[PDB]
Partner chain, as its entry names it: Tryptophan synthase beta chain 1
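In the block that follows, a single chain appears as structure tokens, in the form solved without the partner chain.
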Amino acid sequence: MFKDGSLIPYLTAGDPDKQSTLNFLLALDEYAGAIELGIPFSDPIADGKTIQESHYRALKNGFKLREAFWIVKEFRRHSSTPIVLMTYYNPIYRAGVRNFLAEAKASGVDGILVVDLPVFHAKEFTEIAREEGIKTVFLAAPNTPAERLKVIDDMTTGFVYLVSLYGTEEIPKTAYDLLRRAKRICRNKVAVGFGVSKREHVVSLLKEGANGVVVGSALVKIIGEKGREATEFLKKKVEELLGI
């Protein structure tokens, strides 16, 4: 869904507010090959400490689901950079799958990632997504075996997203091992969310086969620290990670 060598920012919607989120996106767009926009959820059990707290912040400040389409729609007025919406199933199941996908498609979303999509629903989800024009993005962790990777790659229309809960400040062997394994199997492009935070992390991961590197924790850390004034700080962190 993005160019090879891409840096892919991840931001939580409504952290600290939908307005600041828009500002951050517009500020990082020039460095982004694609963008992941996260929908805060009450029980973000799949996320690491940093991202979990951004979910809490966003919600505390009173974020509401569709406030995410506002961010996208507005962003679209300025950019055409691919946008991937990341969410938990709950919000979508409760709000009607097809209805959500359709609305997202209208707001300008290109692909969706449902962190905890029940395998029991995977198929129907992928089909509805295809009918609504939304590309799919599936996750795989260090404990995802070769056989599951294949099945994941086969249902993926957007790209395969590899993560590492591990954190770091070096990238764990187990994470490199996952990338390596994913490359010998996936036909789709793969992006990695391994909690990078240093230029060597970006250089290394790209060199090792990552089509794109996601950058979330490093950005969300700054945002929870600088609030609405995090903009320029984000630009510098991204430039540092880019070597510019």
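Residue numbers count along the first chain shown, from 1.
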Does the entry skip any residues of the deposited sequence between residue 99 and residue 100, and if so, is it 1 to 3, 4 to 9, or 10 or more, or none at all?
none
If you take the mean CA temperature factor per stretch, which one wins between 102 to 110 and 118 to 126?
118 to 126
Of 183 to 191 and 35 to 43, which one has the bigger average CA B-factor?
35 to 43
Given 91, 158, 133, 145, identify the residue with the highest C-alpha B factor in the PDB entry.
91
Among 139, 95, 149, 85, which carries the highest Cα B-factor?
95
Of the three thirds of the chain ranked by Cα temperature factor, residue 222 occupies the middle
By the entry's values, the third containing the CA B factor of residue 9 is the lowest
Could you place residue 60 in the lowest, middle or highest third of its chain by Cα temperature factor, using the values in the record?
highest
Hey, what third does residue 201 fall into on Cα B-factor, ranked over its chain?
lowest
Taking the entry's C-alpha B-factors for this chain, is residue 68 in the lowest, middle or highest third?
highest
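Not pictured, yet referred to below: the form solved in complex with the partner chain.
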152, 72, 102, 128: which sits within 4.5 Å of the partner chain in the deposited complex by any heavy atom?
152
Heavy atom within 4.5 Å of the partner chain in the deposited complex - the one residue of 78, 98, 121, 173 that qualifies
121
Using a 4.5 Å heavy atom cut-off, which of 201 to 209, 23 to 31, 214 to 222, 36 to 44 contacts the partner chain in the deposited complex?
36 to 44
Give a yes/no on whether residue 52 approaches the partner chain to within 4.5 Å in the deposited complex, heavy atoms considered.
yes
Please run the contact check for residue 106 against the partner chain in the deposited complex: heavy atoms, 4.5 angstroms, yes or no?
no
Looking at the partner-bound form in the deposited complex, is residue 169 within 4.5 Å of the partner chain by any heavy atom?
no
Within 4.5 Å, heavy atoms only: does residue 140 come near the partner chain in the deposited complex?
yes
